[PDB]
Each structure stands twice: as structure tokens, then as C-alpha cells.
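Heads up, the chain below is alone and in the form deposited in one PDB entry; it's given as C-alpha cells.
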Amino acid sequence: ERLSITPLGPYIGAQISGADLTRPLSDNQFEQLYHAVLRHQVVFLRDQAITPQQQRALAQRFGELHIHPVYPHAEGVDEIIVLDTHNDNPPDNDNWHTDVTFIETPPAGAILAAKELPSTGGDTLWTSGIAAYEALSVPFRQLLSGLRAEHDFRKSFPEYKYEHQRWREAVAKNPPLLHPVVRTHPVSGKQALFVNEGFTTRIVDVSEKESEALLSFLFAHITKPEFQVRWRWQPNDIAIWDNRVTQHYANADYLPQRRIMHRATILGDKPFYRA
């Protein structure tokens, strides 16, 4: 059956209702949804009181999962990450990032389930790498197309906040590596900016002051409201996004209330650039 899809902007975002998440999706609906997650870069679904297991299953429909090397997992589902924030574990996601770009093959998508929410706050926003690229002048597209930038797990997971033995672990297992500044989408083939303030440390193909100037420019550029969507969470909301051409930011303005979110993280392939 036809899914109802309501775009939330000209670029990024859409809201859908057609699924009973509780129930496996009919091949047919899965490819309406799959295609919606690509056309819009994020999609929101409401009233989906799923379990971790059921969430992991739906993620798998997209591809193999990735296990976070730091974050805690659900009960007996190590593929679904638990984000339980509160005073004893303050939220660290109020910063524009793309998930896990510190691995060779950063995730193609993730599925967020709103399990337990505070009165208000906790909004999460997404910014389009496609729309930001399209917003660059040609000479800037030509400048950035082909540069490579270093991503460092350590920039968003510093030593001092950690255990220190299990942190070192994840470090030696995740050294800084390079991804293209401008990423060509493996499916749509659309060009998109692919740096993120959370993990991108420097554009290695220019001088240091040069990199510094380009990144300050870029870490502000992706911040333009036109490039975004903002979601006001509600319990059992589901969020699904294309992590290869977006960044997102999760507001830290609800403490000391508690907030619980489950995430399924889907492995992607190796980001590249083509002309």
C-alpha cells in the first residue's frame, strides 16, 4: 500500500505514515520508504512503539549493522546503541556531526527511536550535504572537489572524558584517516559536502591556515537554516536518515530531565568523489 509522505522542506526532511513497524514491511513499502530516505535525506515516523530487536530487524533491511566501540548497547542486542542522558551522563551530541566518519566505511544510515522523552527540548536537527554543496559558488566547488580531510574519532571522544583502557582500545582500532571533502552519493550520484565538525580535524590537501579557514567556513556554512530540518520529538517517534550526505545536531537543553534514544547504525561503503 501507498505510504503517505509529507515533505518538510524543498531540500531535506519528510514525515511518513503507512507502516506498522511492529510488523515487517512488505517489500513494496520498504522500497517506497527506502526511496523516501534517499529523496529526502531524513524521514520521521510517529507512533512506532517498537522494541530494540524489532528496530535491529528493520535496520538490517538496509544493510549490515555497525557496532559502536564506545556507546553502550541495548539489553541483548549489541547492534542497537543506547543513549540514556541525564545528570549522571550529560548529552554530548549538541554539535554538528556525521555518525562514525572515523571509520573507512562510515554508515550509510541510522534509525533513531525515541524511547523516553523530557517535557520539551531535545530537538534534533539535520543538515543537507547536498544542499550545502549546491550552495557553494563554482570556484568553491572546484576548490573543495578533490580535497581530502582527516577524520579523528578522538576529536569527539577525547581522552579526558574517559575505561581509559577501553578508550585506548577504540583508539588504536580507529586511527585518523582521510575521506573526500566532497562526496559523491553511491546511489543518487549527487555531490555533497562531507566534512563534519565532530570528527573532521583538517583538510590535508592545503596549508594549515588554509585548512583552518576552509573548515571555519564550512562548519558555519552547513549551519544555514535553509539547509535543514528540525524535529520536535514525541514518544515512539522513529527517525531514519542518510548518514552519507547529512550531519545532525541534538540539543542539550533538557537536563536534569532524562532522555532515552535507541539507535540502529547501518554500515555504508567507502566514500568517494567522482566528477
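Note that residue numbering begins at 1 and tracks the sequence as displayed. Each form is matched to the other, and the largest set of C-alpha atoms that superpose within 1.5 Å is called the rigid core.
Keep in mind that the form deposited in another entry is not shown, yet the notes after this line are about it.
Against the rigid core, a Cα displacement of 2 Å or more between this form and the one not shown applies to just one of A213, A49, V70, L38. Which? It is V70.
Please state whether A172 has a C-alpha shift of 2 Å or more between this form and the one not shown, with the rigid core used for the fit. Yes; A172 is a residue whose C-alpha shifts (by 2 Å or more) between this form and the one not shown when the cores are overlaid.
Look at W96 and decide if its Cα position differs by 2 Å or more between this form and the one not shown after superposing on the rigid core. No; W96 is a residue whose C-alpha shifts by less than 2 Å between this form and the one not shown when the cores are overlaid.
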